[PDB]
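Chains as they are written, first to last, in the deposited numbering: chain R, 5 to 146; chain V, 18 to 117; chain h, 3 to 314; chain S, 2 to 68; chain E, 1 to 228.
Contents: one structure, followed by commentary.
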RNA sequence: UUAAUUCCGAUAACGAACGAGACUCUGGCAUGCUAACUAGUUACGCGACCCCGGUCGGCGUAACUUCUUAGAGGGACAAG
RNA sequence: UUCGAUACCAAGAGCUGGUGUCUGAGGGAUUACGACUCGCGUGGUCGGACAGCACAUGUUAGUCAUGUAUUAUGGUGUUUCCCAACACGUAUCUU
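Structure (structure tokens):
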């Protein structure tokens with residue numbers, strides 16, 4: 005069979021995750037490791053959210069290679085859970101039924117919006133006279 | 018044949034004028050040209066106190082100076098683009114040409 | 003008799019702006035919306051939905067202004083507000099070629115009868131026509147519209163290789179494709195012109211403006227025939243491919259006239275009255291005849307396409 | 002805190018009184034009309050002017066506009 | 001070359017060169033009607049353009065002053081001989097140069113024209129030159145030992161925002177009088193012109209201009225204009 | 001009523017100016033555009049290993065611009 | 001059951017599109033020439049149309065101006081370095 009490749013990303017924080025979706029059998033791996041080995045393990049289910057909800061029936065046609073950079077631990081975990089979900093929606097509209105994508109999008113978006121839409125918040129700048137963005141140094145009377 | 022022109026300026030649209038001028042030159046003289054590679058900008062940042070003395074409320078100035086860089090590669094002998102690079106020199110933009 | 007509704011098509015998120023029908027695939031339409039998507043459909047004519055969206059043609063920057071099918075059925079040319087055109091194949095909906103040169107918004111696009119010429123009307127005072135490999139053949143700005151060239155339309159009867167142009171300076175301009183130059187101006191209108199459509203027999207043209215007066219000019223001659231006061235603003239005009247009917251989108255209603263006796267054949271408001279509680283109704287934006295002229299599609303403002311059929 | 006200043010309001014009233022026949026109910030078309038007819042020097046000001054134009058004109062029909 | 005300064009240190013060195021040069025020319029040619037400097041580093045040349053108003057005096061006697069200034073600027077800044085060619089250019093519409101007015105007022109006040117009469121005299125020259133509005137402040141020890149600040153404004157003057165950068169031309173100066181330093185602050189708001197000669201080309205970011213419609217006449221009944 | 005002498009209303013006041021707002025820099029969006037051996041990707045050939053595949057910041061040059069860079073425009077207005 | 005339109009191929013036709021032969025209408029810089037500054041060298045700037053031609057000369061224009069070779073203010077030919085048919089001009093090769 006021919007080319008069925010799509011690369012889609014997911015940002016939540018300074019971090020970014022990019023997922024290379026392509027036809028094969030079901031295999032989802034982040035910087036080599038399977039999704040059971042990406043740390044911290046406390047956020048196991050947060051990575052399994054799109055798998056657990058869409059089922060392995062929808063994933064088993066294609067394999068995804070995720071690659072991550074920037075930000076921290078929680079950030080990159082919210083980046084990868086976004087990246088694989090967005091990649092599959094983008095795949096399932098470009099190469100198979102438009103009703104199939106409509107089915108996926110409506111299921112994912114109504115459980116939680118953050119699987120598709122990035123949270124636009126970024127660390128606000130510091131200004132003089134204070135140790136953070138808004139908190140100020142201690143003024144002394146008498 | 019791999020001549021490289023590095024255009025550097027504090028003004029962006031004056032840099033883009035000279036950059037868009039040299040590509041027009043290379044194309045109208047029938048030469049292989051790698052488009053302008055926008056190298057990351059550098060922000061010369063100096064933050065001073067505002068008061069000359071000591072006894073004003075603690076206020077700081079934040080002086081910035083952005084410096085911008087394009088480089089355009091050309092596969093041609095020296096003396097053709099020498100005549101082009103000599104054309105359209107602005108007071109703002111700074112040109113450095115290497116041969117190999 | 004009359005024209006009656008069955009149901010609506012739900013596949014757009016922005017306002018549907020234009021529809022393009024092919025005589026080869028009567029269970030397939032294309033509709034251009036006020037998002038960056040052109041929806042190709044697959045019409046089942048079933049109970050839950052008359053048609054289901056089969057394909058999403060994405061890859062524009064702004065609102066898609068016009069969509070036009072080829073005679074083949076394997077090219078759909080589209081024009082958008084980013085000044086680009088996209089010649090696309092409906093096999094997958096992937097990109098083949100894109101047109102650049104127009105500066106402001108491109109408003110209306112059109113193919114030739116031989117699928118060998120493009121022509122584009124824009125918000126800059128220019129009618130640009132292209133070869134099929136997306137380089138500018140000719141632009142006309144000199145003896146052209148002083149305001150926006152809203153709509154441009156090529157000859158169905160190209161024995162006179164003509165083109166008709168309605169703009170925002172309240173004239174219609176007829177041009178010779180021999181040299182792409184001005185032949186006759188059509189002065190008489192009282193407001194900017196939205197649409198101009200040529201009769202499928204390629205003999206006379208109907209011009210619909212703001213005021214809501216549909217004027218029939220001649221193309222055999224440079225002369226006027228008669229007028230049809232639809233009442234409300236005429237958004238989009240469409241002509242019956244078999245019968246001698248006009249179909250005009252007079253604001254929130256589409257009124258179809260007979261031209262033999264100047265009387266309304268039928269009037270079409272969606273009497274499913276939804277705006278009964280203080281607001282303007284969602285109005286029809288464009289409309290398209292099917293393969294035969296038995297089935298009318300009408301694109302409306304509220305992200306809907308309603309499909310009417312002549313019952314008798 | 003979306004109170005339009007005298008600049009946006011006066012510009013809107015002057016644009017309608019001179020060019021009533023072009024401006025309509027749609028925000029996006031009369032954004033493009035105001036863009037062409039008025040040499041407005043910034044994009045956010047053009048959007049705020051165009052915004053208030055398709056509020057005044059959407060109430061002219063209802064009736065008794067004063068200014 | 002061998003020392004091979006970074007772009008950061010090079011561009012700061014280029015800036016400081018202009019800073020010390022502007023200081024030198026302002027100190028010397030203050031009483032010769034000098035506007036400003038422009039530095040074109042032509043291929044193996046350094047073509048310094050001096051903007052003046054009375055260009056015969058910044059020129060000297062058979063170009064004695066220019067040859068004098070070329071010799072010392074070559075000597076201090078360590079350029080090679082011949083690679084430093086000065087060019088005196090008198091500015092058109094001197095009235096709209098803040099430095100020309102501030103340094104002229106200075107040499108009137110220390111000359112012996114009255115403070116009130118000097119300020120009014122400069123103010124009237126600027127508004128007839130065609131500035132949109134001007135402001136001349138003269139502060140220091142006026143009419144005895146305790147110091148005052150006299151403020152002479154006529155026309156429009158803006159104070160806040162970015163347009164202050166390219167519409168308001170300023171000049172702060174000191175004059176030597178016997179009681180002490182008199183501080184001068186001259187502000188000139190420039191007029192806008194699409195030409196870009198005397199003022200800026202960017203119109204004020206809230207000055208909205210409306211095209212007036214062509215008062216045409218509607219065609220009552222359909223006509224046509226057939227040709228070929 | 002507004003963040004605001006910000007507007008609408010009342011109205012012997014009408015029409016304006018400075019400050020406010022606009023403006024400038026930055027933050028976030030583009031699977032659209034112009035471009036990248038001083039950014040990288042997807043393939044591809046060789047090379048190592050585990051049992052055709054898996055991993056490779058091991059190597060090397062055909063497509064490209066999603067990922068990175070900085071230019072232009074688009075985008076949001078109380079618009080629905 | 002006769003009257004006129006529709007799914008197709010054969011007889012060549014035209015058109016449009018590709019390709020590009022060719023002239024340059026033009027478009028530009030700068031340097032020719034034109035000036036203004038001059039410290040005498042440049043510098044600034046009109047950037048080929050504004051610039052001048054030698055009565056050389058492309059045409060004729062009131063037949064009255066002139067004072068009847070005549071230069072009217074025929075106002076257009078000679079003539080520098082580039083990109084040049086959206087100047088849709090046309091060769092050839094094809095749809």
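No residue lacks a Cβ here, since even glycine has one placed at the ideal position from N, Cα and C.
How should residue i be labelled, buried or exposed, when 16 other C-beta atoms within 10 angstroms of its C-beta is the threshold for buried?
{"i": "residue 77 of chain V", "result": "exposed"}
{"i": "residue 55 of chain h", "result": "buried"}
{"i": "residue 73 of chain V", "result": "exposed"}
{"i": "residue 176 of chain E", "result": "exposed"}
{"i": "residue 299 of chain h", "result": "buried"}
{"i": "residue 80 of chain V", "result": "exposed"}
{"i": "residue 251 of chain h", "result": "buried"}
{"i": "residue 43 of chain S", "result": "exposed"}
{"i": "residue 95 of chain R", "result": "buried"}
{"i": "residue 254 of chain h", "result": "buried"}
{"i": "residue 14 of chain R", "result": "buried"}
{"i": "residue 302 of chain h", "result": "buried"}
Would the beta-carbon of residue i fall within 8 Å of that of residue j?
{"i": "residue 112 of chain V", "j": "residue 22 of chain V", "result": "yes"}
{"i": "residue 65 of chain h", "j": "residue 100 of chain h", "result": "no"}
{"i": "residue 52 of chain h", "j": "residue 9 of chain h", "result": "yes"}
{"i": "residue 166 of chain h", "j": "residue 109 of chain h", "result": "no"}
{"i": "residue 111 of chain R", "j": "residue 58 of chain R", "result": "yes"}
{"i": "residue 107 of chain h", "j": "residue 98 of chain h", "result": "no"}
{"i": "residue 167 of chain E", "j": "residue 219 of chain E", "result": "no"}
{"i": "residue 186 of chain E", "j": "residue 114 of chain E", "result": "no"}
Identify which residue in the options has its Cα closest to the Cα of residue i.
{"i": "residue 53 of chain V", "options": "V:28, V:47, V:24", "result": "V:24"}
{"i": "residue 24 of chain h", "options": "h:311, h:312, h:295, h:310", "result": "h:295"}
{"i": "residue 69 of chain R", "options": "R:76, R:92, R:59", "result": "R:92"}
{"i": "residue 187 of chain h", "options": "h:112, h:193, h:223, h:205", "result": "h:223"}
{"i": "residue 45 of chain h", "options": "h:304, h:28, h:132", "result": "h:28"}
{"i": "residue 71 of chain E", "options": "E:104, E:164, E:84", "result": "E:84"}
{"i": "residue 111 of chain E", "options": "E:125, E:178, E:88", "result": "E:178"}
{"i": "residue 60 of chain R", "options": "R:18, R:31, R:117, R:99", "result": "R:31"}
{"i": "residue 55 of chain V", "options": "V:87, V:100, V:97", "result": "V:87"}
{"i": "residue 245 of chain h", "options": "h:269, h:218, h:202, h:207", "result": "h:202"}
{"i": "residue 7 of chain E", "options": "V:103, V:94, V:50, V:83", "result": "V:83"}
{"i": "residue 237 of chain h", "options": "S:25, S:5, S:15", "result": "S:25"}
So, does the CB of residue i fall closer than 8 Å to a CB anywhere in chain V?
{"i": "residue 134 of chain R", "result": "no"}
{"i": "residue 11 of chain E", "result": "yes"}
{"i": "residue 38 of chain E", "result": "yes"}
{"i": "residue 202 of chain E", "result": "no"}
{"i": "residue 229 of chain E", "result": "The question about residue 229 of chain E has no answer here: the residues shown for chain E are numbered 1 through 228."}
Starting from residue i, follow its DSSP beta bridges and name the residues at the other end.
{"i": "residue 24 of chain V", "result": "V:87, V:112"}
{"i": "residue 71 of chain h", "result": "h:78"}
Does the beta carbon of residue i sit closer than 8 Å to a beta carbon anywhere in chain R?
{"i": "residue 216 of chain h", "result": "no"}
Is residue i close to chain E? Criterion is C-beta to C-beta, closer than 8 Å.
{"i": "residue 44 of chain h", "result": "no"}
{"i": "residue 27 of chain V", "result": "yes"}
{"i": "residue 30 of chain S", "result": "no"}
{"i": "residue 69 of chain V", "result": "no"}
Would you say residue i reaches chain S, if we count a Cβ-Cβ gap shorter than 8 Å as a contact?
{"i": "residue 194 of chain E", "result": "no"}
{"i": "residue 160 of chain E", "result": "no"}
{"i": "residue 210 of chain E", "result": "yes"}
For residue i, decide whether its Cβ has a neighbour in chain h, counting only Cβ atoms nearer than 8 Å.
{"i": "residue 22 of chain S", "result": "yes"}
{"i": "residue 26 of chain S", "result": "yes"}
{"i": "residue 213 of chain E", "result": "no"}
{"i": "residue 53 of chain R", "result": "no"}
When every heavy atom of the ligand SAM is checked, does at least one fall within less than 7 Å of the C-beta of residue i?
{"i": "residue 255 of chain h", "result": "Questions concerning the ligand SAM fall outside what the structure shown contains, since it holds no ligand whatsoever."}
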